[PDB]
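For reference, final_19.pdb (PDB, N, CA and C atoms):
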```pdb
ATOM      1  N   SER A   1      -0.392  -1.201   4.532  1.00  0.00           N
ATOM      2  CA  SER A   1       0.456  -1.345   5.759  1.00  0.00           C
ATOM      3  C   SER A   1       0.195   0.130   6.058  1.00  0.00           C
ATOM      4  N   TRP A   2      -0.451   0.498   7.146  1.00  0.00           N
ATOM      5  CA  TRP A   2      -0.741   1.949   7.436  1.00  0.00           C
ATOM      6  C   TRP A   2      -0.224   2.972   6.380  1.00  0.00           C
ATOM      7  N   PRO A   3       1.055   3.248   6.197  1.00  0.00           N
ATOM      8  CA  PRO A   3       1.498   4.367   5.336  1.00  0.00           C
ATOM      9  C   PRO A   3       1.920   3.987   3.902  1.00  0.00           C
ATOM     10  N   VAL A   4       1.935   2.718   3.576  1.00  0.00           N
ATOM     11  CA  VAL A   4       2.349   2.277   2.198  1.00  0.00           C
ATOM     12  C   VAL A   4       1.476   1.161   1.578  1.00  0.00           C
ATOM     13  N   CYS A   5       1.548   1.072   0.269  1.00  0.00           N
ATOM     14  CA  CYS A   5       0.794   0.045  -0.535  1.00  0.00           C
ATOM     15  C   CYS A   5       1.809  -1.107  -0.800  1.00  0.00           C
ATOM     16  N   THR A   6       1.477  -2.260  -0.269  1.00  0.00           N
ATOM     17  CA  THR A   6       2.363  -3.454  -0.418  1.00  0.00           C
ATOM     18  C   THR A   6       1.707  -4.584  -1.180  1.00  0.00           C
ATOM     19  N   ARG A   7       2.503  -5.596  -1.359  1.00  0.00           N
ATOM     20  CA  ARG A   7       2.075  -6.820  -2.068  1.00  0.00           C
ATOM     21  C   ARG A   7       2.411  -7.892  -1.020  1.00  0.00           C
ATOM     22  N   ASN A   8       1.455  -8.089  -0.143  1.00  0.00           N
ATOM     23  CA  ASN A   8       1.557  -9.083   0.970  1.00  0.00           C
ATOM     24  C   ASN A   8       2.824  -8.868   1.807  1.00  0.00           C
ATOM     25  N   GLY A   9       2.991  -7.631   2.210  1.00  0.00           N
ATOM     26  CA  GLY A   9       4.166  -7.256   3.041  1.00  0.00           C
ATOM     27  C   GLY A   9       5.268  -6.484   2.308  1.00  0.00           C
ATOM     28  N   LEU A  10       5.248  -6.484   0.996  1.00  0.00           N
ATOM     29  CA  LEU A  10       6.305  -5.755   0.228  1.00  0.00           C
ATOM     30  C   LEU A  10       5.809  -4.484  -0.493  1.00  0.00           C
ATOM     31  N   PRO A  11       6.158  -3.297  -0.018  1.00  0.00           N
ATOM     32  CA  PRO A  11       5.901  -2.021  -0.760  1.00  0.00           C
ATOM     33  C   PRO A  11       6.375  -2.172  -2.206  1.00  0.00           C
ATOM     34  N   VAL A  12       5.425  -2.404  -3.078  1.00  0.00           N
ATOM     35  CA  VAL A  12       5.768  -2.587  -4.532  1.00  0.00           C
ATOM     36  C   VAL A  12       4.844  -1.785  -5.460  1.00  0.00           C
ATOM     37  N   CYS A  13       3.952  -1.016  -4.888  1.00  0.00           N
ATOM     38  CA  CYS A  13       3.022  -0.206  -5.736  1.00  0.00           C
ATOM     39  C   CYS A  13       3.693   1.137  -6.036  1.00  0.00           C
ATOM     40  N   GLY A  14       4.240   1.739  -5.010  1.00  0.00           N
ATOM     41  CA  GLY A  14       4.927   3.051  -5.157  1.00  0.00           C
ATOM     42  C   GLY A  14       4.105   4.158  -4.495  1.00  0.00           C
ATOM     43  N   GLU A  15       2.853   3.854  -4.257  1.00  0.00           N
ATOM     44  CA  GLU A  15       1.921   4.822  -3.617  1.00  0.00           C
ATOM     45  C   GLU A  15       1.858   4.536  -2.117  1.00  0.00           C
ATOM     46  N   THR A  16       1.282   5.483  -1.428  1.00  0.00           N
ATOM     47  CA  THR A  16       1.135   5.376   0.051  1.00  0.00           C
ATOM     48  C   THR A  16      -0.324   5.419   0.502  1.00  0.00           C
ATOM     49  N   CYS A  17      -0.525   5.054   1.743  1.00  0.00           N
ATOM     50  CA  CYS A  17      -1.905   5.047   2.314  1.00  0.00           C
ATOM     51  C   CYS A  17      -1.914   5.541   3.754  1.00  0.00           C
ATOM     52  N   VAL A  18      -1.169   6.583   4.035  1.00  0.00           N
ATOM     53  CA  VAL A  18      -1.095   7.156   5.416  1.00  0.00           C
ATOM     54  C   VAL A  18      -2.500   7.312   6.005  1.00  0.00           C
ATOM     55  N   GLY A  19      -3.380   7.856   5.199  1.00  0.00           N
ATOM     56  CA  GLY A  19      -4.805   8.070   5.619  1.00  0.00           C
ATOM     57  C   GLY A  19      -5.375   6.744   6.154  1.00  0.00           C
ATOM     58  N   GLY A  20      -4.894   5.710   5.516  1.00  0.00           N
ATOM     59  CA  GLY A  20      -5.246   4.294   5.797  1.00  0.00           C
ATOM     60  C   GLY A  20      -5.810   3.560   4.572  1.00  0.00           C
ATOM     61  N   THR A  21      -5.690   4.133   3.392  1.00  0.00           N
ATOM     62  CA  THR A  21      -6.219   3.469   2.162  1.00  0.00           C
ATOM     63  C   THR A  21      -5.325   3.694   0.935  1.00  0.00           C
ATOM     64  N   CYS A  22      -5.350   2.735   0.043  1.00  0.00           N
ATOM     65  CA  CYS A  22      -4.539   2.810  -1.205  1.00  0.00           C
ATOM     66  C   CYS A  22      -5.544   2.879  -2.366  1.00  0.00           C
ATOM     67  N   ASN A  23      -5.095   3.361  -3.495  1.00  0.00           N
ATOM     68  CA  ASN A  23      -5.980   3.483  -4.699  1.00  0.00           C
ATOM     69  C   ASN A  23      -5.403   2.632  -5.831  1.00  0.00           C
ATOM     70  N   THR A  24      -4.839   1.510  -5.459  1.00  0.00           N
ATOM     71  CA  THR A  24      -4.242   0.604  -6.483  1.00  0.00           C
ATOM     72  C   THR A  24      -4.732  -0.835  -6.238  1.00  0.00           C
ATOM     73  N   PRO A  25      -5.909  -1.181  -6.724  1.00  0.00           N
ATOM     74  CA  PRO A  25      -6.390  -2.593  -6.753  1.00  0.00           C
ATOM     75  C   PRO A  25      -5.239  -3.559  -7.091  1.00  0.00           C
ATOM     76  N   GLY A  26      -4.859  -4.344  -6.111  1.00  0.00           N
ATOM     77  CA  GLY A  26      -3.753  -5.328  -6.279  1.00  0.00           C
ATOM     78  C   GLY A  26      -2.816  -5.211  -5.072  1.00  0.00           C
ATOM     79  N   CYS A  27      -2.712  -4.007  -4.562  1.00  0.00           N
ATOM     80  CA  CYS A  27      -1.849  -3.737  -3.387  1.00  0.00           C
ATOM     81  C   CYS A  27      -2.776  -3.586  -2.185  1.00  0.00           C
ATOM     82  N   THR A  28      -2.185  -3.879  -1.065  1.00  0.00           N
ATOM     83  CA  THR A  28      -2.866  -3.823   0.257  1.00  0.00           C
ATOM     84  C   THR A  28      -2.205  -2.721   1.040  1.00  0.00           C
ATOM     85  N   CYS A  29      -2.734  -2.430   2.192  1.00  0.00           N
ATOM     86  CA  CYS A  29      -2.114  -1.353   2.991  1.00  0.00           C
ATOM     87  C   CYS A  29      -1.549  -1.762   4.348  1.00  0.00           C
TER      88      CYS A  29
END
```

Could you render the structure as structure tokens?
Amino acid sequence: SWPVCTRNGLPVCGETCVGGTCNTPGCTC
């Protein structure tokens, strides 16, 4: 989701992706 790593809509990774990317295979942005 632009600034956070979610699990199909739910920020549940704890990391962010402001740049536009996450580094946690399993979460989306």

Counting only C-alpha atoms, write as a PyMOL selection string all protein and nucleic acid residues lying at most 8 Å from (0.5, 0.4, 2.4) in the file's frame.
-> chain A and resi 1-6+11+15-18+20-22+27-29

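Atom N of residue 24 in chain A lies 11.4 Å from CA of residue 12 in chain A.
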
Return as a ChimeraX atom specification the full set of residues in chain A whose backbone-based DSSP assignment is strand (DSSP E).
-> /A:4-7,10-16

Students should find that CA of residue 13 in chain A and atom N of residue 25 in chain A are spaced 9.0 Å

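For the pair CA of residue 10 in chain A and atom C of residue 26 in chain A, the interatomic distance is 10.6 Å.
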
Need the axis-aligned box for range 8-27 of chain A with 4 Å each side, so what are the centre and edges in Å to one decimal, as AutoDock Vina command-line options?
```
--center_x 0.0 --center_y -0.5 --center_z -0.5 --size_x 20.8 --size_y 25.2 --size_z 21.2
```

Can you rebuild range 7-20 of chain A with N, CA, C and O atoms and give it as a PDB file, keeping the file's coordinate frame?
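Written output follows (result.pdb):
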```
ATOM      1  N   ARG A   7       2.503  -5.596  -1.359  1.00  0.00           N
ATOM      2  CA  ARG A   7       2.075  -6.820  -2.068  1.00  0.00           C
ATOM      3  C   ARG A   7       2.411  -7.892  -1.020  1.00  0.00           C
ATOM      4  O   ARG A   7       3.483  -8.468  -1.013  1.00  0.00           O
ATOM      5  N   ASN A   8       1.455  -8.089  -0.143  1.00  0.00           N
ATOM      6  CA  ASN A   8       1.557  -9.083   0.970  1.00  0.00           C
ATOM      7  C   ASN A   8       2.824  -8.868   1.807  1.00  0.00           C
ATOM      8  O   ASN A   8       3.593  -9.780   2.053  1.00  0.00           O
ATOM      9  N   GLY A   9       2.991  -7.631   2.210  1.00  0.00           N
ATOM     10  CA  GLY A   9       4.166  -7.256   3.041  1.00  0.00           C
ATOM     11  C   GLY A   9       5.268  -6.484   2.308  1.00  0.00           C
ATOM     12  O   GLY A   9       6.112  -5.902   2.962  1.00  0.00           O
ATOM     13  N   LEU A  10       5.248  -6.484   0.996  1.00  0.00           N
ATOM     14  CA  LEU A  10       6.305  -5.755   0.228  1.00  0.00           C
ATOM     15  C   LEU A  10       5.809  -4.484  -0.493  1.00  0.00           C
ATOM     16  O   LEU A  10       5.107  -4.614  -1.475  1.00  0.00           O
ATOM     17  N   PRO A  11       6.158  -3.297  -0.018  1.00  0.00           N
ATOM     18  CA  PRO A  11       5.901  -2.021  -0.760  1.00  0.00           C
ATOM     19  C   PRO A  11       6.375  -2.172  -2.206  1.00  0.00           C
ATOM     20  O   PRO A  11       7.556  -2.081  -2.483  1.00  0.00           O
ATOM     21  N   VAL A  12       5.425  -2.404  -3.078  1.00  0.00           N
ATOM     22  CA  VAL A  12       5.768  -2.587  -4.532  1.00  0.00           C
ATOM     23  C   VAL A  12       4.844  -1.785  -5.460  1.00  0.00           C
ATOM     24  O   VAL A  12       4.968  -1.868  -6.667  1.00  0.00           O
ATOM     25  N   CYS A  13       3.952  -1.016  -4.888  1.00  0.00           N
ATOM     26  CA  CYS A  13       3.022  -0.206  -5.736  1.00  0.00           C
ATOM     27  C   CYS A  13       3.693   1.137  -6.036  1.00  0.00           C
ATOM     28  O   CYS A  13       3.694   1.582  -7.168  1.00  0.00           O
ATOM     29  N   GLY A  14       4.240   1.739  -5.010  1.00  0.00           N
ATOM     30  CA  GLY A  14       4.927   3.051  -5.157  1.00  0.00           C
ATOM     31  C   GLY A  14       4.105   4.158  -4.495  1.00  0.00           C
ATOM     32  O   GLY A  14       4.614   5.227  -4.222  1.00  0.00           O
ATOM     33  N   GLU A  15       2.853   3.854  -4.257  1.00  0.00           N
ATOM     34  CA  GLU A  15       1.921   4.822  -3.617  1.00  0.00           C
ATOM     35  C   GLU A  15       1.858   4.536  -2.117  1.00  0.00           C
ATOM     36  O   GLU A  15       2.312   3.510  -1.643  1.00  0.00           O
ATOM     37  N   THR A  16       1.282   5.483  -1.428  1.00  0.00           N
ATOM     38  CA  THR A  16       1.135   5.376   0.051  1.00  0.00           C
ATOM     39  C   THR A  16      -0.324   5.419   0.502  1.00  0.00           C
ATOM     40  O   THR A  16      -1.206   5.770  -0.259  1.00  0.00           O
ATOM     41  N   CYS A  17      -0.525   5.054   1.743  1.00  0.00           N
ATOM     42  CA  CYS A  17      -1.905   5.047   2.314  1.00  0.00           C
ATOM     43  C   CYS A  17      -1.914   5.541   3.754  1.00  0.00           C
ATOM     44  O   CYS A  17      -2.607   4.969   4.568  1.00  0.00           O
ATOM     45  N   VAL A  18      -1.169   6.583   4.035  1.00  0.00           N
ATOM     46  CA  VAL A  18      -1.095   7.156   5.416  1.00  0.00           C
ATOM     47  C   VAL A  18      -2.500   7.312   6.005  1.00  0.00           C
ATOM     48  O   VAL A  18      -2.740   6.950   7.142  1.00  0.00           O
ATOM     49  N   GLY A  19      -3.380   7.856   5.199  1.00  0.00           N
ATOM     50  CA  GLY A  19      -4.805   8.070   5.619  1.00  0.00           C
ATOM     51  C   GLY A  19      -5.375   6.744   6.154  1.00  0.00           C
ATOM     52  O   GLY A  19      -6.177   6.703   7.066  1.00  0.00           O
ATOM     53  N   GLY A  20      -4.894   5.710   5.516  1.00  0.00           N
ATOM     54  CA  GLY A  20      -5.246   4.294   5.797  1.00  0.00           C
ATOM     55  C   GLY A  20      -5.810   3.560   4.572  1.00  0.00           C
ATOM     56  O   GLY A  20      -6.342   2.478   4.734  1.00  0.00           O
TER      57      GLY A  20
END
```
